[PDB]
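A quick write-up on the structure given underneath.
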Amino acid sequence: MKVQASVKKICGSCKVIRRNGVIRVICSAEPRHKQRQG
Amino acid sequence: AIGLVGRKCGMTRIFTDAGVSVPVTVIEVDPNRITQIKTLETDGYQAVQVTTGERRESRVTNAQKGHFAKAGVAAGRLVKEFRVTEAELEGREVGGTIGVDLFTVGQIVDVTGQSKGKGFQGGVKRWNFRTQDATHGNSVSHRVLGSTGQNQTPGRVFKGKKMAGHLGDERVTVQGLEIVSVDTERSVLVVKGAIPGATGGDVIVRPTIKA
Amino acid sequence: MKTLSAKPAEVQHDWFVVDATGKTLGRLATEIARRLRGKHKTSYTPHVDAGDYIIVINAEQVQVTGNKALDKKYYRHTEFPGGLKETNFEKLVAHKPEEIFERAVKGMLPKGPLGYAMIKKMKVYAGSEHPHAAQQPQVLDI
Amino acid sequence: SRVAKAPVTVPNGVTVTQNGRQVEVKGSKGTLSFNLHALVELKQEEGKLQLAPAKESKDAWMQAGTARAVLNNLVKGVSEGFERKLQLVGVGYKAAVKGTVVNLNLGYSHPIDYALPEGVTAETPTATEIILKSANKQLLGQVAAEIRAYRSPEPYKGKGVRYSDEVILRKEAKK
RNA sequence: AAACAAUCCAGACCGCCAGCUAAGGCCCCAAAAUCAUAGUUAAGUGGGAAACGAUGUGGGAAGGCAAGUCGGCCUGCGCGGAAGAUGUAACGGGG
RNA sequence: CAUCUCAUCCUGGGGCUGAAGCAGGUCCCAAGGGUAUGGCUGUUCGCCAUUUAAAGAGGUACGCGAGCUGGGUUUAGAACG
RNA sequence: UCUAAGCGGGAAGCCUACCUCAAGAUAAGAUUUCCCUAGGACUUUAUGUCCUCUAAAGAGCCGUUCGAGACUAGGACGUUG
Ligand SMILES: [Mg+2]
Ligand SMILES: [Mg+2]
Ligand SMILES: [Mg+2]
Ligand SMILES: [Mg+2]
Ligand SMILES: [Mg+2]
Ligand SMILES: [Mg+2]
Ligand SMILES: [Mg+2]
Ligand SMILES: [Mg+2]
Ligand SMILES: [Mg+2]
Ligand SMILES: [Mg+2]
Ligand SMILES: [Mg+2]
Ligand SMILES: [Mg+2]
Ligand SMILES: [Mg+2]
Ligand SMILES: [Zn+2]
């Protein structure tokens with residue numbers, strides 16, 4: 001998980017999510033793309 | 001937890017067959033007499049009140065005389081309560097007697113007593129404070145406190161600060177001691193180790209709370 | 001002629017019971033404090049306690065809006081070097097509902113001997129039953 | 001809102017009642033329930049459930065679209081249940097249901113056991129395979145996740161406890 | 001305006017248990033609307049802070065394709081970015 | 001003799017890894033407790049020796065002389081460049 | 001699609017849990033037991049005053065002292081010891 005101020009898609013398998021007022025990025029292809037805005 | 005009230009009689013040793021010496025404290029138990037049973041319906045909680053010892057009738061007030069005569073028991077030297085449950089309040093009735101056979105050899109107990117009083121004591125004894133230089137120019141400051149604060153922030157001494165004052169004479173409980181012997185004909189318990197107080201003071205023995 | 005003050009010996013406090021089931025906390029507290037001070041009486045005198053007795057029942061059914069049940073904090077300090085203590089609204093309401101009304105209403109009253117004497121006329125109970133059946137309270141629909 | 005605005009096919013035997021904000025189903029596998037949100041209406045024909053919004057707002061369509069999707073599963077299950085199957089991969093791992101409590105051996109120093117809840121049942125064809133079967137789909141998924149969480153599958157040799165229809169990432173560890 | 005020489009209103013000759021207003025205000029502390037009408041916010045935002053990030057949500061002028069769907073601009077109000085030392089402590093408080 | 005903060009040194013819980021294992025790197029959560037003795041120099045610091053799970057970073061009049069010391073600096077003597 | 005409705009797991013941290021204090025907690029709580037049951041006038045007419053009678057349960061002063069103690073407080077005993 002990368003905790004960043006600027007989170008965004010990286011590949012075509014990145015999905016942008018909103019959980020509990022936190023914007024996240026989840027990727028089902030490779031787990032090194034997980035991002036959390038913080 | 002139901003227990004016994006006794007008197008600390010002294011400290012001894014017991015050699016075992018393997019030659020090991022075991023330091024032991026002897027506790028004398030005059031069998032306790034049940035003076036009252038408190039229950040949820042009239043008190044709010046379950047307890048067994050107990051007296052032990054003896055008192056001369058010229059030192060028992062008329063109120064305590066009536067309270068002791070309401071049961072069958074004779075007046076003892078103190079009265080004490082034990083918090084219990086039912087399945088522990090099973091066969092206990094006023095005019096009953098609890099003896100040393102409540103315990104067994106190899107049981108773990110807690111013993112509470114009143115420790116010895118040391119009077120007004122300083123920081124070195126009360127809180128293990130360190131002393132200052134003895135001879136390197138030190139003037140009159142050997143067992144003194146040193147600093148007690150800061151400078152105008154916060155501008156006060158904090159609460160719970162460690163200073164000189166009265167030491168000892170409190171209620172102290174020692175957990176985890178073992179029963180070494182239960183002598184029924186002399187009515188004595190012997191436990192392993194040290195217990196708080198002086199010889200002759202009132203101690204309370206009850207099963208261990210940790211288990 | 002002149003404006004007369006109410007005599008404490010002529011004051012007559014009355015008894016009322018108010019049910020708190022499903023009610024906003026502060027919008028009830030303002031009414032309770034206004035009744036405790038006596039502002040609803042034409043003999044109101046700011047230096048005299050001409051208020052009324054209030055009984056609150058079902059104190060553990062009082063409500064808050066928004067996210068305050070989890071987010072409203074109650075604080076305390078024991079006056080030891082680090083003794084700040086914190087709790088919730090929802091932990092405190094299922095465990096001590098009397099203190100929530102105590103704080104909410106006492107913050108809305110004066111702060112002095114007469115304010116201490118007014119808060120004594122509020123009686124808060126968690127359940128549906130109170131012990132003051134001999135005083136004959138009225139149902140105040142606040 | 002395509003999921004709402006559509007009806008579900010209620011076969012015979014299945015029974016639905018609405019005494020309150022509750023809706024309970026009764027078929028052959030068992031009996032279930034579903035509380036409903038305060039902005040949804042329900043109007044069955046005879047075997048055709050109808051979930052509608054009340055006041056027709058943005059939130060009500062979203063609430064009805066799931067009110068439909070979950071009771072569709074309730075009625076889909078009480079007649080024809082649900083089945084999940086887990087596989088154990090790696091030598092030594094083996095599971096065998098002792099009556100109603102599952103005993104797993106997953107490369108530990110102590111034997112693992114899981115006590116199932118009342119709903120789900122679990123059977124054992126061979127050592128390296130478990131099958132759970134139930135009428136509640138949520139509880140079945142929960143039981144599957146709870147058993148999987150013991151030795152979740154690893155990416156270097158694929159060992160562990162897996163779902164059968166589960167895609168496992170895989171790596172090699174050269175230098 | 002919590003408290004606050006230099007800000008806002010206003011220039012105290014004395015007395016009154018009379019009346020109208022200014023700045024600022026009208027749920028309680030604490031005087032006066034728990035006033036009326038139409039909207040926005042869900043963040044206690046209001047009641048502290050940037051580059052930048054994002055299918056939050058309301059409004060507007062247009063486009064491409066054939067039960068609609070796609071993504072683009074202009075905008076109202078919000079979200080993240082947001083760590084400090086005695087005690088809550090960045091609405092005076094209750095709320 | 002202390003007291004607080006967290007931008008966490010150890011211990012506790014995690015995500016990613018160019019993560020086989022053991023051990024690492026990095027980021028997140030976490031302030032409950034703990035967090036060396038010596039040689040040199042007035043030293044704070046620093047270097048070195050030997051330990052430890054670890055030898056954190058800071059605020060408090062660079063905490064603390066109506067609690068102690070007085071080695072440095074910064075009165076009066078004397079000398080060198 | 002872990003969240004919008006609904007249902008979970010999860011830390012030396014938080015609340016309990018262990019020890020000690022604690023109803024001046026002025027909201028001053030509870031339980032057992034013990035003690036006090038005489039007459040007259042009288043007017044600022046109400047828990048009103050005045051004069052004889054009475055003096056309980058108990059507490060303290062005092063004494064012998066303590067493994068209790070600065071002084072206190074606290075524990076034991078005072079001839080039936
Ligand atoms: Mg002594
Ligand atoms: Mg001197
Ligand atoms: Mg000396
Ligand atoms: Mg001050
Ligand atoms: Mg002013
Ligand atoms: Mg007013
Ligand atoms: Mg209105
Ligand atoms: Mg941190
Ligand atoms: Mg050194
Ligand atoms: Mg040497
Ligand atoms: Mg200094
Ligand atoms: Mg000097
Ligand atoms: Mg000179
Ligand atoms: Zn990706």
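Sequence lines set the chain letters: A, B, ... in the order given, protein chains first and strands last, and positions in each chain run from 1.
- Look at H166(B) and you'll find a side-chain N or O under 4.0 angstrom from OP1 or OP2 of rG69(G).
- Regarding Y125(C), its OH atom lies at a distance of 13 Å from the P atom of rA27(G), rounded to whole Å.
- Side-chain N/O atoms of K58(D) include one lying less than 4.0 angstrom from OP1 or OP2 on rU57(E).
- Atom CD in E41(B) sits about 15 Å away from atom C1' in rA30(G), given to the nearest Å.
- In terms of polar N and O atoms assigned as donor or acceptor, the side chain of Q132(B) comes within less than 3.5 Å of the base of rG67(F) in a complementary pairing.
- Ranked by how close their nearest RNA chain E nucleotide is to the 5' end, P110(C) and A5(A) are led by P110(C).
- When both distances must be under 3.5 Å, the Watson-Crick or G-U wobble mate of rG48(E) does not exist.
- Counting any heavy atom pair closer than 4.0 Å across all strands shown, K210(B) reaches sugar-phosphate atoms only and no base atom.
- Using a 4.0 Å heavy-atom criterion, one finds that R55(B) contacts the sugar-phosphate atoms exclusively.
- Between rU37(F) and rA49(F), a Watson-Crick or G-U wobble pair is formed, both defining distances falling under 3.5 Å.
- Applying the 4.0 Å criterion to OP1 and OP2 of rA67(E), one finds that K5(D) has every side-chain N and O outside that range.
- The furanose ring of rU41(E) falls on the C3'-endo (north) side of the pseudorotation cycle, as its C1'-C2'-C3'-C4' torsion is above zero.
- Counting non-hydrogen atoms under 4.0 angstrom, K171(D) reaches a base of the nucleic acid.
- Regarding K111(C), its NZ atom lies at a distance of 16 Å from the P atom of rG92(E), rounded to whole Å.
- Classification of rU55(E) as anti follows from a glycosidic angle more than 90° from 0.
- Within 4.0 Å of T173(B), counting heavy atoms only, lie sugar-phosphate atoms of the nucleic acid but no base atom.
- Within the 4.0 Å cut-off from OP1 or OP2 of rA27(G), at least one side-chain nitrogen or oxygen of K120(C) is found.
- The base of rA2(F) lies close enough to the side chain of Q150(B) for a donor and an acceptor atom to sit less than 3.5 Å apart.
- Distances shorter than 4.0 Å separate none of the side-chain N or O atoms of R27(C) from OP1 or OP2 on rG95(E).
- Across all strands shown, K118(B) has heavy atoms under 4.0 Å from sugar-phosphate atoms exclusively, and none from any base.
- Backbone-only contact: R56(B) has heavy atoms under 4.0 Å from sugar-phosphate atoms and none from a base.
- Contacts of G66(C) with the nucleic acid, taken as non-hydrogen atoms under 4.0 Å apart, are absent.
- Not a single donor-acceptor contact under 3.5 angstrom links the side-chain atoms of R18(A) to the base of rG80(E).
- Remark: the bases of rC77(G) and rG63(G) meet in a Watson-Crick or G-U wobble pair, both edge contacts within less than 3.5 Å.
- For the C1' atoms, the distance from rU8(F) to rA57(F) is 9 Å, rounded to whole Å.
- Mapping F158(B) and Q4(A) onto RNA chain E by nearest heavy atom places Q4(A) at the nucleotide closer to the 5' end.
- Counting distance only, with no hydrogens placed and no angle test, the side-chain atoms of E172(D) and the base atoms of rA20(F) include no donor-acceptor pair under 3.5 Å.
- Nucleotide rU34(E) carries a south sugar; the sign of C1'-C2'-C3'-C4' is negative.
- Heavy-atom minimum distance, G38(A) versus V3(A): O-CG1, 3.8 Å.
- Within the structure, every side-chain polar atom (N or O) of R156(B) is placed at least 4.0 Å from both OP1 and OP2 of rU60(F).
- Taking 4.0 angstrom as the limit, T66(D) places none of its side-chain polar atoms (N or O) nearer than this to OP1 or OP2 of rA4(G).
- Judged by centroid separation below 5.5 Å and plane tilt below 30°, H37(D) does not stack onto the base of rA5(G).
- Residue contacts shown for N35(D) are absent, as no nucleic acid heavy atom lies under 4.0 Å away.
- Contact annotation for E79(C): base contact, defined as any heavy-atom pair under 4.0 Å involving a base atom.
- The two residues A69(D) and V3(D) have their closest heavy-atom pair at CB-CG1, 4.4 Å.
- Shown here, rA50(E) is classed anti by the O4'-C1'-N9-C4 or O4'-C1'-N1-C2 angle, which is more than 90° from 0.
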Would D49(C) and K121(C) count as a salt bridge (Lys or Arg N to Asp or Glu O under 4.0 Å) if you check the C-alpha gap in whole Å, the side-chain angles of each, and the deciding distance to 0.1 Å? CA-CA 10 Å; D49(C) 193 15; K121(C) 297 177 311 194; 2.7 Å; yes

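- Residue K2(C) is in base contact, counting any heavy-atom pair closer than 4.0 Å across all strands shown.
- At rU5(F) the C1'-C2'-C3'-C4' dihedral is positive, so the sugar adopts a north, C3'-endo-type conformation.
- With both hydrogen-bonding distances under 3.5 Å, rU57(E) and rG76(E) qualify as a Watson-Crick or G-U wobble pair.
- Residues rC1(F) and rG63(F) show canonical Watson-Crick or G-U wobble pairing, with both defining distances under 3.5 Å.
- Contact between the side-chain N/O atoms of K2(A) and the OP1/OP2 oxygens of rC28(F) is not found at any separation under 4.0 Å.
- As judged by a 4.0 angstrom heavy-atom cut-off over every strand, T61(B) is placed among residues touching the sugar-phosphate backbone only.
- An OP1 or OP2 oxygen of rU3(F) is reached within less than 4.0 angstrom by no side-chain nitrogen or oxygen of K159(B).
- A salt bridge links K38(B) to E81(B): one of the charged nitrogens lies within less than 4.0 Å of a carboxylate oxygen.
- A salt bridge links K41(C) with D52(C): the distance from a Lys NZ or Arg NE/NH1/NH2 to an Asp or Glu carboxylate oxygen falls below 4.0 Å.
- In this structure, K72(C) reaches the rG95(E) phosphate: one of its side-chain N or O atoms is under 4.0 Å from OP1 or OP2.
- Among the atoms of the strands shown, only primed sugar atoms or phosphate atoms (P, OP1, OP2) are found under 4.0 Å from some heavy atom of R37(C).
- Rounded to a whole angstrom, the distance from the P atom of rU88(E) to that of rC6(F) is 10 Å.
- Applying the 4.0 Å criterion to OP1 and OP2 of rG63(F), one finds that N151(B) has every side-chain N and O outside that range.
- At least one cation-pi condition fails for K73(C) and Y75(C): the charged atom is not both under 6.0 angstrom from the six-membered ring centre and inside a 45 degree cone around its axis.
- Within the nucleic acid shown, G146(B) comes within 4.0 Å of at least one base atom, counting heavy atoms only.
- Electrostatic pairing of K65(B) and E57(B) does not count as a salt bridge here, judged by no charged N lying under 4.0 Å from a carboxylate O.
- Looking at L42(D) and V23(D), their side chains come closer than 4.5 Å, going by heavy atoms from C-beta outward.
- The side chain of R19(A) places an N or O atom within less than 4.0 Å of a non-bridging phosphate oxygen (OP1 or OP2) of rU3(G).
- Close to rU34(E), at under 4.0 Å from its OP1 or OP2, lies no side-chain N or O of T30(C).
- Across all strands, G38(A) comes closer than 4.0 Å only to sugar-phosphate atoms, never to a base (heavy-atom distances).
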